[PDB]
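For reference, the chain that follows is the form deposited in one PDB entry, supplied as structure tokens.
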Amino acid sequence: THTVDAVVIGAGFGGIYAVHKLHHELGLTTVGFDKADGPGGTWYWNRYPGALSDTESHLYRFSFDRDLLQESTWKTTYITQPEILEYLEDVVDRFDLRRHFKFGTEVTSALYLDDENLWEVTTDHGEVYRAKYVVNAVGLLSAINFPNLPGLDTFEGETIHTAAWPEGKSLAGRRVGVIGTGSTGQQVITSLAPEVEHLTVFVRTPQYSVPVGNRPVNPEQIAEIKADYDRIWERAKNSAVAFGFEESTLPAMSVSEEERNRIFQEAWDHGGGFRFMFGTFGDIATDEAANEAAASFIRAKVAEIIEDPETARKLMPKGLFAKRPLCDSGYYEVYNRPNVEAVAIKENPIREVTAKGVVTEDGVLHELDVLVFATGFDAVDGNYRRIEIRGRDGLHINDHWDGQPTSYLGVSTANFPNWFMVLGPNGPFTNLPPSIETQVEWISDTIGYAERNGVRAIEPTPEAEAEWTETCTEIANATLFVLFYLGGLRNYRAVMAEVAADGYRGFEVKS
């Protein structure tokens, strides 16, 4: 029914910028879609208390508009969900993007029509769009992982998942249980502890966590940032992780024990997860001894913060210090509160939930009014895998990604022509907005090139896609241990630009 140049799926950072680029810069008629009733993406969905960025406020945003960077403000060194949502809502209205989005609208299929070199895209309300290009900015919020504890139906109190937090809902003065201690669960717990009648935490795997050091800013302090913003973004885009600190090249074991502690202590006092992992020493992710030095420093902090050694034993992180580091606003301190109990479910599993609360295998009823699930989601490619997406010859995305999801360059995959991914598989591990910008700017250039020239279809070769996996795999082999590209933002940007400069190396082009 509707003939458009381009379709964008999602209205988070990625979809917002994709619609801007395609509409404003390339002059294409572009429609965006989100199941959400408004823009924001993950910042629209996740409204739990204590929801906070792990990227400093001044860097958790777009950098493409130099005037916008002068204009935005923020209250603290890290940024909260309502502030981010407001920022993204403001971007949408600043660039008049709203009239291009269809909200409350799920894309249920995207089928390639081989004969016409078009994508046929349908919504859950039956609307059909024919488009030359599809840009998928669908994020990771797939189906909500909402675990199957026996007797859950019987609970007479409120059951809440953090990705569907009730707007009014304050749990002040209530008896609350939280299941899950990832970034989200830690954040909810710290938020809840001081206001809740009682808090019971069901801990399965304690994680490494460092202080975030979220502090109020002055208007003079924002003024300093803003006067140097160009240099700041120049540095970020020339770094590996783009978080606003100088990345260390210092081997942890090349200095004395006393200096190593001082270095760790400084980062601990300053705050920041990536700063702790990458700002202290150059080999925490690559050297077993370096990782142990970091890991055991955090363990010692846990033991020092938590008074009761039985409580401390349950919360004690173990093993390698890896993946996205967690940071917190006083998470370990919380367990020193008289009205907070930790339950280590590996050794004392949940037997059932009843009307009144949770019974553990010890046979003790933990009486609760409220049960919070901070249990995350199931999958990461989940959002691709639940849409009927069909490429060339009717090849389904699930048949194509028979094993793990793959991409060429993080943005495209073979047999799916003119179909792009923002933050697809095998892409950078990074402060995300500047990587998102990198990918959308590259997607847009590639679509510009296709439109300028005669291009009917562009897709990666199977061999390019395989060499990219091999490339990612060889970077990942160096590290300690989903497959990301781990060469960093600066390296990723050079790779993307060179692919473009080399006449789209690794793409099959139908002229």
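Under this definition, the rigid core comprises the largest set of C-alpha atoms superposing within 1.5 Å between the forms. Each residue number is its position in the shown sequence, starting from 1.
In terms of unmodelled positions of the deposited sequence, the stretch from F481 to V482 in this entry skips 10 or more residues. Across the two stretches, 393-401 and 377-385, the PDB entry reports the greater mean Cα temperature factor for 377-385.
Checked against the record, the higher mean CA B factor of 199-207 and 132-140 lies with 199-207. For the set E437, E120, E158, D124, the PDB entry assigns the largest Cα B-factor to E158.
Per the PDB entry, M316 shows the highest C-alpha temperature factor of the residues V107, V422, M316, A414. Annotation for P194: C-alpha temperature factor in the highest third relative to the rest of the modelled chain, per the entry. Among the modelled residues of its chain, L149 has a C-alpha B-factor that falls in the highest third according to the deposited record.
When the modelled residues of the chain are ordered by C-alpha B-factor, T184 sits in the middle third. The PDB entry assigns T461 a C-alpha temperature factor belonging to the middle third of its chain's modelled residues.
Per the deposited record, the Cα B-factor of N477 falls in the highest third when ranked against the other modelled residues of its chain.
Keep in mind that the form deposited in another entry is missing from the display, and what follows is about it.
Taking the core as reference between the shown form and the other one, the lone member of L320, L111, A300, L140 whose Cα moves by 2 Å or more is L140. Residue displacement note: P216 has its CA displaced by under 2 Å between the shown form and the other one (rigid core superposed).
Fitting the two forms on the rigid core leaves the C-alpha of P251 displaced by under 2 angstroms between the shown form and the other one. Core-superposed comparison between the shown form and the other one: CA of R392 displaced by less than 2 Å.
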